[PDB]
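S.K.: Before I ask anything, here is the structure I am working with.
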Amino acid sequence: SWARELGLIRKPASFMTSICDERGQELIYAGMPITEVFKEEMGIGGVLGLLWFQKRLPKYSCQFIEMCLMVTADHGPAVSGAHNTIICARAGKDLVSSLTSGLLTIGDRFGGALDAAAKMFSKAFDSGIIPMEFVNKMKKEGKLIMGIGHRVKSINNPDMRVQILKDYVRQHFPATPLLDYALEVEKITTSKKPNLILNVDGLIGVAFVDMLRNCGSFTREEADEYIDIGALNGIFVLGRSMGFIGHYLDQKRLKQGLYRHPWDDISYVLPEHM
Amino acid sequence: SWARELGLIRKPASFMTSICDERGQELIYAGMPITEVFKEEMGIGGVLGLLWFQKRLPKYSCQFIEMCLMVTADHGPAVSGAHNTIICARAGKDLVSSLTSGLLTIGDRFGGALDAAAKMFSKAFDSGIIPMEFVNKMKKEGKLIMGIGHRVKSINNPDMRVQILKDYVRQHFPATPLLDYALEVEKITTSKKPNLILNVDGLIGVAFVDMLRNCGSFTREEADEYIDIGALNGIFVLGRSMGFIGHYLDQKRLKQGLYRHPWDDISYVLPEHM
Amino acid sequence: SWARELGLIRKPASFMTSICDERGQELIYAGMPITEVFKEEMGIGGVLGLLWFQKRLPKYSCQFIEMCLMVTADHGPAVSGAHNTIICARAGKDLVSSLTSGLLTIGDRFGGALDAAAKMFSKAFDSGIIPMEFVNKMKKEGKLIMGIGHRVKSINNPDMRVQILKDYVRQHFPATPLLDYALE
Amino acid sequence: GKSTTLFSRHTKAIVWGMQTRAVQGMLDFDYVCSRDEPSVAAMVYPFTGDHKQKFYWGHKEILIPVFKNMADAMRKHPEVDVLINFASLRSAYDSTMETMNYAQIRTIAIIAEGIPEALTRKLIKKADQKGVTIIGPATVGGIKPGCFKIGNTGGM
Ligand SMILES: CC(=O)SCCNC(=O)CCNC(=O)[C@H](O)C(C)(C)COP(=O)(O)OP(=O)(O)OC[C@H]1O[C@@H](n2cnc3c(N)ncnc32)[C@H](O)[C@@H]1OP(=O)(O)O
Ligand SMILES: CC(=O)SCCNC(=O)CCNC(=O)[C@H](O)C(C)(C)COP(=O)(O)OP(=O)(O)OC[C@H]1O[C@@H](n2cnc3c(N)ncnc32)[C@H](O)[C@@H]1OP(=O)(O)O
Ligand SMILES: CC(=O)SCCNC(=O)CCNC(=O)[C@H](O)C(C)(C)COP(=O)(O)OP(=O)(O)OC[C@H]1O[C@@H](n2cnc3c(N)ncnc32)[C@H](O)[C@@H]1OP(=O)(O)O
Ligand SMILES: O=C([O-])CC(=O)C(=O)O
Ligand SMILES: O=C([O-])CC(=O)C(=O)O
Ligand SMILES: O=C([O-])CC(=O)C(=O)O
């Protein structure tokens, strides 16, 4: 500490951290200090733009980040991750262990339609196919279109939270091509069946890629980097953390005991005599 | 499914879930549908009130929850949990495994001053002792006052995000007694040492207890329930998740390699032969 | 790197690690190299004695640790942690994320009877009371005795893995008073 | 001064013990006799905390509070006058004597079997002093059709 204070030694640093200068007079975020964060009245969308992307996003995009963190909150306790959070909360664990144990389900099959429905429509649009041949290409290869398909709400009966995001994108975004492409794929697949409307998990993906590569400060190689890196997995995990902590506090407030999962729902299929 | 649809059989349900009715026409949060949530212009503070506490919080308190999630975001990468997120992200894992591996550090020594600083000041205020006796009651038991004490910035050098939160809980915030108590304890301990200002961890604890028990819709056996359940560890974990996902995306964007922690920083102290 | 090589600048090292000297010719476990681990024919009970306790345990208790890791293996998928592992594995996740999501249930209500049933009987025996006063003390305070109680199989219908472990701690095992107190 | 009526369609009870099959049988009987209110107001189990048990009122699911002490079971419920004592043979005596220090309890059904005769005579003596009518020991209970049924009597 003294040979480096008077500066007669070299030590190579790791942990390069282009975010959150913690030391000094203020919490500098990306480049913006914390008093400038609260002075410009940017919400949590502004600090998600600062921490995650290191860019002061325009004020129509911070509000869309808060919208897509409000729709990807809790979606009932039936789903697999909220189920794990409840099972871990009824064992009386912790907030962190319960949220964490339910958070580790968010992978490819649960909650992996944000990133897959963004990557799929981005790879279809950047190559340049008409949607009428993109649908036929997806039929010839197995591989259902990620982000299209609902179980009940079909036609003039929408998801009612894909409506809110679709109207916010249609009003407060300039230059929205990828949403138009995904809505043409919706126009075809809703002719295939009364279902197959755009999901919430697909419209947040295509509107988030649209918001990255359409608004300012993102060129084309950053807005295609943050989709490969997984900023949309971040959007889903940070959105669903409120739902999983809500389930933890709820199952901890109802004072419910350990789960045991009845044997008549199990059906052991063991070998003969190993 | 047929003996229940015509209703000739009983089966006791588990998983009580007083939150997030997922099925039916709209996604209903606590008692409010999703279109009323987006129509009444409540931010993520309003949906934290709806999911976590199941009460429509007044508009000065949803903005305070958004503010106290903005300050409990990233606090630099040297701290223990963000260090674990960086280590697990440089090992090329995943977003959820990295954020999870860093999130499982949020315990009692890292991130457990929110809840301890709220429980300590609530136990000192609900018992009824003057702050000049509370400081001496702590000092004669060991146990430093949690929530009070900074390393650098205290007096004629304020914390600058204790100040913004304190201005908000003085303007838009009716009848806040425990904050006044905690500032009296600060008035004593800053006369002890020029340090020992209120932390951010102490001020969000006491201002959140005052937000619970001083606004409407919480009586005093719910505002004393949610502190014991851990609804402040939820605030710290959900706030710091943005910083941990920011560190994940950042270490994935710099293309950093696997960490190895050099042997000159380790000092093995193994036994002789056992 | 060069000033510390010739030693011209001291540095305080953290992470004190009294286990597993990884560098050198042999991977030295607690104080014993890896060739002495494999040559002396200690199983994984010996390396748990070396890693966890940093002692070379006697050979009857290494086999006891292998025994009590064999009985505390799977106990059906209905229980809470194996349920979380199955729920995370059926989401197609990972091995480490599935094991981890099911492992984070090992707490107090599931899996927390080993440590509580050891602490309870050890605090009752260290104090020095007769068992008939211990049962009545637990009855007077709420607090069911941890480590006592089976749903199905108890008396002349035994548990049959309490019996194998009980025969092992009776046979190869000198001076066992706390088990005798627990059996009273 | 013992009572001359015991059970009615306003009679509620406190079940001492986690005997959810007996309580569910009583609630099913009170549904099938077209009562308007469930005749079990609370349960008392001294080995667990205060929570709520999820029971069946016909098709509907109701919640019956399980307490830890008998005192706060009496304090939240002033209309309770019956205690059905499902304790063992070595804990029915002190739980019954604890119950007869509450004034609202007008009858105690002791379901246990094997209480010693001296402790039972002490129970008879203090019940005649307090005026509380005790249902004779090692019983199954007593059923009043249309009004009230004590635990496992009748059967399914
Ligand atoms: C009562 C009486 O007298 S009988 C009356 C008449 N009797 C009859 O036989 C009528 C029966 N008609 C039916 O409804 C029949 O069940 C059927 C066969 C027509 C139903 O067909 P569907 O279920 O729509 O077909 P399928 O389940 O394969 O899916 C429909 C399409 O949606 C598409 N699709 C499905 N899931 C997805 C997804 N996740 N993403 C994108 N596209 C999808 C598929 O590509 C499929 O296209 P295809 O038709 O080219 O295969
Ligand atoms: C010109 C020249 O330079 S030489 C002049 C001649 N030399 C001298 O005068 C010598 C002067 N000596 C010093 O300055 C020394 O630093 C000392 C001995 C006075 C040390 O003083 P301090 O560091 O303030 O003592 P300490 O670390 O215990 O902190 C003071 C208080 O803060 C309290 N405190 C600390 N943290 C907390 C906390 N989180 N919560 C509540 N209380 C806290 C401590 O309990 C302590 O309380 P106490 O005074 O009742 O015991
Ligand atoms: C054909 C016909 O109709 S039947 C003929 C007539 N019918 C009758 O007489 C009805 C007889 N009723 C019965 O037999 C009933 O079973 C009853 C009411 C006696 C219930 O008796 P039990 O099941 O033994 O009581 P219970 O379930 O509360 O537990 C008994 C003991 O185990 C104790 N215990 C339970 N779990 C633990 C544990 N982990 N650790 C330590 N102690 C424990 C309990 O504390 C309790 O202790 P206690 O005896 O000091 O109170
Ligand atoms: O996000 C997902 O992929 C799963 C989910 O919440 C849903 O059932 O809609
Ligand atoms: O302990 C915490 O809460 C984390 C923190 O703010 C710090 O880096 O000191
Ligand atoms: O140790 C435990 O509590 C878990 C256990 O045995 C069980 O499967 O019931």
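Following the order of the structure tokens, first chain is A, next is B, and so on, with residues numbered from 1 inside each chain and ligands from 1 in the order they appear.
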Residues up to 6 Å from ligand 2, counting only C-alpha atoms and all ligand atoms: could you list those as number ranges by chain?
M.R.: B: 144-146, 148-149, 192-193
S.K.: Once you count only C-alpha atoms and all ligand atoms, which residues end up within 10 Å of ligand 3, and could you hand them over as an MDAnalysis selection string?
M.R.: (chainID C and resid 135:136 138:140 142:150) or (chainID D and resid 16:19 45:47 84:92 95 110:115 137:141 151:155)
S.K.: Grab the atom 43 (C, counted along the ligand's line) of ligand 1 to atom CA of residue A:225 distance for me, in Å with one decimal place.
M.R.: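 So the two atoms, atom 43 (C, counted along the ligand's line) of ligand 1 and atom CA of residue A:225, lie 28.6 Å apart.
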S.K.: Neighbours of ligand 6 within 10 Å, counting only C-alpha atoms and all ligand atoms, as a ChimeraX atom specification?
M.R.: /A:260 /C:71-82,106-115,146-147,150-151
S.K.: Among chain C, which ones does DSSP place in alpha helix (DSSP H), written as a PyMOL selection string?
M.R.: chain C and resi 2-5+34-39+44-48+59-71+80-89+95-103+113-127+131-139+162-171+177-183
S.K.: How would you write, as a PDB file with N, CA, C and O atoms, in the first residue's frame, the set of residues no farther than 6 Å from ligand 4 when counting only C-alpha atoms and all ligand atoms?
M.R.:
```
ATOM      1  N   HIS A  75     -47.055 -14.138 -13.041  1.00  0.00           N
ATOM      2  CA  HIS A  75     -48.032 -14.737 -13.937  1.00  0.00           C
ATOM      3  C   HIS A  75     -48.601 -15.987 -13.296  1.00  0.00           C
ATOM      4  O   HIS A  75     -48.585 -17.083 -13.853  1.00  0.00           O
ATOM      5  N   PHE A 110     -38.783 -22.417 -19.614  1.00  0.00           N
ATOM      6  CA  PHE A 110     -39.559 -21.439 -18.863  1.00  0.00           C
ATOM      7  C   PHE A 110     -38.864 -20.094 -19.003  1.00  0.00           C
ATOM      8  O   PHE A 110     -37.740 -19.920 -18.537  1.00  0.00           O
ATOM      9  N   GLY A 111     -39.525 -19.149 -19.655  1.00  0.00           N
ATOM     10  CA  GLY A 111     -38.978 -17.820 -19.768  1.00  0.00           C
ATOM     11  C   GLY A 111     -37.882 -17.660 -20.788  1.00  0.00           C
ATOM     12  O   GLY A 111     -37.185 -16.642 -20.772  1.00  0.00           O
ATOM     13  N   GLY A 112     -37.705 -18.623 -21.674  1.00  0.00           N
ATOM     14  CA  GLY A 112     -36.679 -18.507 -22.683  1.00  0.00           C
ATOM     15  C   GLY A 112     -37.256 -18.150 -24.028  1.00  0.00           C
ATOM     16  O   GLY A 112     -36.641 -18.425 -25.058  1.00  0.00           O
ATOM     17  N   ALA A 113     -38.439 -17.544 -24.036  1.00  0.00           N
ATOM     18  CA  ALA A 113     -39.076 -17.140 -25.278  1.00  0.00           C
ATOM     19  C   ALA A 113     -38.848 -15.680 -25.616  1.00  0.00           C
ATOM     20  O   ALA A 113     -39.043 -15.305 -26.772  1.00  0.00           O
TER      21      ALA A 113
END
```
S.K.: Give me the residues near residue A:177 as a list in words, where near means some atom within 10 Å (using only C-alpha atoms) and where sequence neighbours in that chain fewer than 4 positions away do not count.
M.R.: residues 125, 181, 182, 183, 206, 207, 210 and 214 of chain A
S.K.: Just the selected residues (C-alpha atoms), exported as a PDB file, in the first residue's frame, please.
M.R.:
```pdb
ATOM      1  CA  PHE A 125     -35.530  -9.956 -40.768  1.00  0.00           C
ATOM      2  CA  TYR A 181     -42.597  -7.982 -39.652  1.00  0.00           C
ATOM      3  CA  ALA A 182     -43.673  -9.924 -36.554  1.00  0.00           C
ATOM      4  CA  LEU A 183     -47.233  -8.684 -36.949  1.00  0.00           C
ATOM      5  CA  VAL A 206     -39.332  -7.963 -31.067  1.00  0.00           C
ATOM      6  CA  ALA A 207     -40.172  -4.557 -29.569  1.00  0.00           C
ATOM      7  CA  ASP A 210     -36.737  -2.748 -32.318  1.00  0.00           C
ATOM      8  CA  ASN A 214     -34.282   1.887 -33.821  1.00  0.00           C
TER       9      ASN A 214
END
```
S.K.: Report as a VMD selection string the set of chain A residues whose atoms approach chain C to within 8 Å, with distances computed over only C-alpha atoms.
M.R.: chain A and resid 3 11 80 to 81 84 87 to 88 91 to 93 97 to 98 100 to 102 104 to 105 107 to 110 258 to 263 266
S.K.: For the residues selected in the previous step, produce a file with C-alpha atoms as a compact mmCIF listing (two decimals), in the first residue's frame.
M.R.:
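part.txt, written as the output of this step:
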```
# COMPACT_ATOMS: atom_id res chain seq x y z
CA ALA A 3 5.06 1.30 -2.45
CA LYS A 11 0.28 -4.33 -10.40
CA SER A 80 -42.58 -23.77 -12.94
CA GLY A 81 -40.35 -21.12 -11.38
CA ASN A 84 -40.14 -23.73 -7.05
CA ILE A 87 -41.89 -25.01 -2.53
CA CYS A 88 -38.70 -23.44 -1.19
CA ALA A 91 -39.64 -25.22 3.67
CA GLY A 92 -39.03 -21.97 5.54
CA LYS A 93 -35.76 -21.09 3.92
CA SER A 97 -32.83 -19.03 -1.19
CA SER A 98 -36.51 -19.07 -2.18
CA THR A 100 -32.98 -18.09 -6.07
CA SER A 101 -34.42 -21.62 -6.12
CA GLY A 102 -37.29 -20.41 -8.23
CA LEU A 104 -32.89 -21.08 -11.53
CA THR A 105 -35.78 -22.42 -13.56
CA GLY A 107 -33.82 -21.10 -18.73
CA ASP A 108 -34.78 -22.26 -22.19
CA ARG A 109 -38.21 -23.77 -21.56
CA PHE A 110 -39.56 -21.44 -18.86
CA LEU A 258 -43.74 -28.17 4.29
CA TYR A 259 -44.87 -29.63 0.97
CA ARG A 260 -44.86 -33.37 0.52
CA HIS A 261 -46.44 -34.05 -2.95
CA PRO A 262 -48.83 -37.01 -2.64
CA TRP A 263 -47.70 -40.45 -3.79
CA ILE A 266 -45.98 -39.89 -8.88
```
S.K.: Could you please select, counting only C-alpha atoms, the residues of chain D within 12 Å of chain B and state them as JSON, numbers by chain?
M.R.: {"D": [24, 28, 52, 53, 54, 55, 56, 57, 58, 59, 60, 61, 62, 63]}
S.K.: With C-alpha atoms kept, could you save the residues just selected as a CSV table (one decimal), in the first residue's frame?
M.R.:
```csv
chain,number,residue,atom,x,y,z
D,24,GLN,CA,-63.7,-32.9,9.1
D,28,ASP,CA,-69.5,-32.7,7.2
D,52,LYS,CA,-55.1,-21.8,10.0
D,53,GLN,CA,-56.3,-25.3,8.8
D,54,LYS,CA,-58.0,-25.6,5.5
D,55,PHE,CA,-61.3,-27.5,6.0
D,56,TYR,CA,-64.3,-28.3,3.9
D,57,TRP,CA,-67.8,-26.9,4.3
D,58,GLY,CA,-69.7,-28.9,1.8
D,59,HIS,CA,-68.2,-27.8,-1.5
D,60,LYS,CA,-66.5,-24.7,-0.1
D,61,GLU,CA,-63.2,-24.4,1.6
D,62,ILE,CA,-63.1,-22.6,4.9
D,63,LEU,CA,-60.3,-21.9,7.3
```
S.K.: Using only C-alpha atoms and all ligand atoms, tabulate the residues of chain A lying at most 12 Å from any atom of ligand 1, each with its closest atom pair and that distance in Å to one decimal, by chain and increasing residue number, as a tab-separated table.
M.R.:
```
residue	atom	partner	partner_atom_place_in_ligand_line	distance
A:113	CA	ligand 1	39 (N)	10.9
A:117	CA	ligand 1	40 (N)	10.6
A:120	CA	ligand 1	40 (N)	12.0
A:134	CA	ligand 1	41 (C)	11.0
A:135	CA	ligand 1	41 (C)	7.9
A:136	CA	ligand 1	50 (O)	8.6
A:137	CA	ligand 1	45 (O)	10.6
A:138	CA	ligand 1	41 (C)	8.3
A:139	CA	ligand 1	45 (O)	6.0
A:140	CA	ligand 1	45 (O)	9.5
A:141	CA	ligand 1	45 (O)	10.8
A:142	CA	ligand 1	45 (O)	9.0
A:143	CA	ligand 1	40 (N)	8.3
A:144	CA	ligand 1	40 (N)	4.5
A:145	CA	ligand 1	40 (N)	4.2
A:146	CA	ligand 1	40 (N)	6.2
A:147	CA	ligand 1	40 (N)	7.3
A:148	CA	ligand 1	40 (N)	4.9
A:149	CA	ligand 1	39 (N)	4.8
A:150	CA	ligand 1	39 (N)	7.9
A:151	CA	ligand 1	39 (N)	9.9
A:182	CA	ligand 1	41 (C)	11.7
A:185	CA	ligand 1	41 (C)	9.1
A:186	CA	ligand 1	41 (C)	8.9
A:187	CA	ligand 1	41 (C)	11.4
A:188	CA	ligand 1	42 (N)	9.4
A:189	CA	ligand 1	42 (N)	6.0
A:190	CA	ligand 1	32 (O)	8.3
A:191	CA	ligand 1	32 (O)	9.0
A:192	CA	ligand 1	31 (C)	5.4
A:193	CA	ligand 1	24 (O)	5.5
A:194	CA	ligand 1	24 (O)	8.4
A:195	CA	ligand 1	32 (O)	7.9
A:196	CA	ligand 1	41 (C)	6.1
A:197	CA	ligand 1	41 (C)	9.0
A:198	CA	ligand 1	40 (N)	9.4
A:199	CA	ligand 1	39 (N)	10.0
A:202	CA	ligand 1	40 (N)	10.8
```
S.K.: Run DSSP on the backbone and tell me which residues of stretch 33-235 of chain B come out as strand (DSSP E or B); list them as a VMD selection string.
M.R.: chain B and resid 33 140 142 148 198
S.K.: Nearest residue to ligand 5 out of B:166, B:161, B:56, B:252, using only C-alpha atoms and all ligand atoms?
M.R.: B:161
S.K.: Using only C-alpha atoms, find the one residue out of C:141, C:37, C:86, C:132 that sits nearest to chain D.
M.R.: C:141
S.K.: Just to confirm, what's the straight-line distance from atom CA of residue A:163 to atom CA of residue A:121 in Å (one decimal)?
M.R.: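 Separation of atom CA of residue A:163 and atom CA of residue A:121: 19.4 Å.
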S.K.: Return the single residue from A:5, A:180, A:221, A:66 that is closest to chain B, with distances computed using only C-alpha atoms.
M.R.: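 Smallest separation from chain B among the options: A:66.
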S.K.: Which residues, written as a PyMOL selection string, have at least one atom at most 10 Å from stretch 67-74 of chain A, with only C-alpha atoms counted and residues fewer than 4 positions away on the same chain left out?
M.R.: (chain A and resi 44-45+61-63+79+82+111+161-162+164-165+168+200-201+203-205+207-208+235-247) or (chain B and resi 19-22+27-29+34+37-38+42-48+51)
S.K.: Store the residues picked out above in a file with N, CA and C atoms, as a compact mmCIF listing (two decimals), in the first residue's frame.
M.R.:
```txt
# COMPACT_ATOMS: atom_id res chain seq x y z
N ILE A 44 -36.67 3.65 -13.01
CA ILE A 44 -35.76 2.51 -13.07
C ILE A 44 -35.41 2.15 -14.50
N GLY A 45 -36.15 2.66 -15.49
CA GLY A 45 -35.76 2.44 -16.87
C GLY A 45 -34.50 3.20 -17.21
N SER A 61 -38.10 5.27 -24.08
CA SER A 61 -37.56 3.93 -23.96
C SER A 61 -37.41 3.48 -22.52
N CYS A 62 -37.12 4.40 -21.60
CA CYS A 62 -37.12 4.06 -20.19
C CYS A 62 -38.51 3.67 -19.71
N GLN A 63 -39.53 4.35 -20.22
CA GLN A 63 -40.89 4.00 -19.85
C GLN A 63 -41.31 2.69 -20.48
N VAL A 79 -46.90 -21.69 -12.80
CA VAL A 79 -45.69 -21.78 -13.63
C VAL A 79 -44.52 -22.32 -12.82
N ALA A 82 -42.25 -20.09 -10.25
CA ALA A 82 -43.01 -19.65 -9.08
C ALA A 82 -43.39 -20.82 -8.21
N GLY A 111 -39.52 -19.15 -19.65
CA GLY A 111 -38.98 -17.82 -19.77
C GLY A 111 -37.88 -17.66 -20.79
N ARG A 161 -52.50 -7.50 -22.48
CA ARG A 161 -51.24 -6.89 -22.08
C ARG A 161 -50.22 -7.00 -23.19
N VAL A 162 -50.55 -7.66 -24.30
CA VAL A 162 -49.85 -7.42 -25.54
C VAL A 162 -50.49 -6.22 -26.24
N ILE A 164 -51.42 -3.40 -24.59
CA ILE A 164 -50.87 -2.20 -23.98
C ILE A 164 -49.48 -1.91 -24.53
N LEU A 165 -48.65 -2.94 -24.62
CA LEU A 165 -47.32 -2.76 -25.19
C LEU A 165 -47.38 -2.47 -26.67
N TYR A 168 -48.30 1.19 -26.93
CA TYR A 168 -47.20 2.06 -26.54
C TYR A 168 -46.09 2.06 -27.59
N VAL A 200 -46.98 -12.19 -25.29
CA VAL A 200 -46.27 -11.14 -24.59
C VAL A 200 -44.78 -11.42 -24.66
N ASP A 201 -44.40 -12.69 -24.58
CA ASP A 201 -43.01 -13.11 -24.64
C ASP A 201 -42.39 -12.92 -26.02
N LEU A 203 -43.71 -10.33 -28.28
CA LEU A 203 -43.79 -8.91 -28.59
C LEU A 203 -42.81 -8.10 -27.76
N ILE A 204 -42.50 -8.51 -26.53
CA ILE A 204 -41.44 -7.81 -25.81
C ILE A 204 -40.10 -8.07 -26.47
N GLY A 205 -39.89 -9.27 -27.01
CA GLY A 205 -38.64 -9.56 -27.70
C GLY A 205 -38.46 -8.73 -28.96
N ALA A 207 -40.16 -5.98 -29.85
CA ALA A 207 -40.17 -4.56 -29.57
C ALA A 207 -38.93 -4.10 -28.83
N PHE A 208 -38.25 -5.00 -28.13
CA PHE A 208 -37.00 -4.64 -27.47
C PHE A 208 -35.84 -4.59 -28.45
N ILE A 235 -34.17 -8.85 -18.78
CA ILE A 235 -35.49 -8.22 -18.64
C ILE A 235 -36.48 -9.18 -18.02
N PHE A 236 -36.47 -10.44 -18.45
CA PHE A 236 -37.41 -11.40 -17.87
C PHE A 236 -37.06 -11.75 -16.43
N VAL A 237 -35.78 -11.91 -16.11
CA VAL A 237 -35.41 -12.31 -14.75
C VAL A 237 -35.65 -11.16 -13.78
N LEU A 238 -35.31 -9.94 -14.17
CA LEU A 238 -35.56 -8.79 -13.30
C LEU A 238 -37.04 -8.48 -13.18
N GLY A 239 -37.83 -8.77 -14.21
CA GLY A 239 -39.26 -8.58 -14.08
C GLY A 239 -39.90 -9.62 -13.18
N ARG A 240 -39.51 -10.88 -13.33
CA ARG A 240 -40.12 -11.95 -12.58
C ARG A 240 -39.59 -12.06 -11.16
N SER A 241 -38.52 -11.34 -10.82
CA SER A 241 -38.08 -11.31 -9.44
C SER A 241 -39.11 -10.68 -8.52
N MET A 242 -39.88 -9.70 -9.00
CA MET A 242 -40.94 -9.12 -8.17
C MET A 242 -42.04 -10.12 -7.92
N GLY A 243 -42.38 -10.93 -8.92
CA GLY A 243 -43.38 -11.95 -8.73
C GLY A 243 -42.93 -13.05 -7.80
N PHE A 244 -41.66 -13.44 -7.88
CA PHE A 244 -41.20 -14.51 -7.00
C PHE A 244 -41.01 -14.03 -5.57
N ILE A 245 -40.58 -12.79 -5.35
CA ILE A 245 -40.54 -12.29 -3.99
C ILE A 245 -41.95 -12.06 -3.46
N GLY A 246 -42.90 -11.70 -4.33
CA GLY A 246 -44.28 -11.61 -3.89
C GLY A 246 -44.84 -12.94 -3.47
N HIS A 247 -44.49 -14.01 -4.18
CA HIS A 247 -44.90 -15.35 -3.78
C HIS A 247 -44.21 -15.79 -2.51
N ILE B 19 -52.42 -13.83 -4.44
CA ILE B 19 -51.73 -12.92 -5.36
C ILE B 19 -51.86 -13.49 -6.78
N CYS B 20 -52.07 -12.62 -7.77
CA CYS B 20 -51.87 -12.92 -9.19
C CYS B 20 -52.77 -14.04 -9.70
N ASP B 21 -54.05 -13.72 -9.83
CA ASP B 21 -55.00 -14.59 -10.53
C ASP B 21 -54.65 -14.58 -12.01
N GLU B 22 -54.05 -15.66 -12.48
CA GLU B 22 -53.56 -15.70 -13.85
C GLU B 22 -54.62 -16.05 -14.87
N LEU B 27 -55.07 -10.82 -16.71
CA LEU B 27 -54.13 -11.10 -15.64
C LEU B 27 -54.49 -10.15 -14.50
N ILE B 28 -55.05 -10.68 -13.44
CA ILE B 28 -55.43 -9.87 -12.29
C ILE B 28 -54.29 -9.90 -11.29
N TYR B 29 -53.69 -8.73 -11.03
CA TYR B 29 -52.81 -8.61 -9.87
C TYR B 29 -53.72 -8.40 -8.68
N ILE B 34 -54.79 -5.94 -15.04
CA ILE B 34 -53.56 -5.37 -15.59
C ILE B 34 -53.85 -4.09 -16.37
N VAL B 37 -53.95 -1.37 -13.93
CA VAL B 37 -52.59 -1.10 -13.47
C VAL B 37 -51.89 -0.17 -14.45
N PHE B 38 -52.06 -0.41 -15.74
CA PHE B 38 -51.44 0.48 -16.71
C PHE B 38 -52.26 1.74 -16.97
N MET B 42 -49.54 3.74 -12.28
CA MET B 42 -48.64 3.32 -11.23
C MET B 42 -47.41 2.67 -11.84
N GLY B 43 -46.24 3.03 -11.34
CA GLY B 43 -44.99 2.53 -11.87
C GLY B 43 -44.71 1.12 -11.41
N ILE B 44 -43.43 0.79 -11.25
CA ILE B 44 -43.17 -0.51 -10.63
C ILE B 44 -43.33 -0.45 -9.13
N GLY B 45 -43.40 0.74 -8.54
CA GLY B 45 -43.71 0.83 -7.12
C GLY B 45 -45.13 0.41 -6.84
N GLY B 46 -46.05 0.74 -7.75
CA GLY B 46 -47.43 0.33 -7.58
C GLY B 46 -47.61 -1.17 -7.71
N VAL B 47 -46.88 -1.80 -8.63
CA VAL B 47 -46.99 -3.24 -8.73
C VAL B 47 -46.16 -3.96 -7.67
N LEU B 48 -45.17 -3.31 -7.07
CA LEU B 48 -44.59 -3.90 -5.87
C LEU B 48 -45.55 -3.83 -4.70
N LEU B 51 -48.14 -6.71 -5.69
CA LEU B 51 -47.70 -8.09 -5.55
C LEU B 51 -47.25 -8.38 -4.13
```
S.K.: Which is closer to chain A than all the others in B:171, B:156, B:267, B:251, using only C-alpha atoms?
M.R.: B:251
S.K.: D:49, D:38, D:1, D:25: which is nearest chain C, counting only C-alpha atoms?
M.R.: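 For chain C, the nearest of the given residues is D:49.
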S.K.: When distances are computed from only C-alpha atoms, which of A:218, A:64, A:53, A:268 shows the smallest separation from chain B?
M.R.: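 Residue with the minimum atom-to-atom distance to chain B: A:53.
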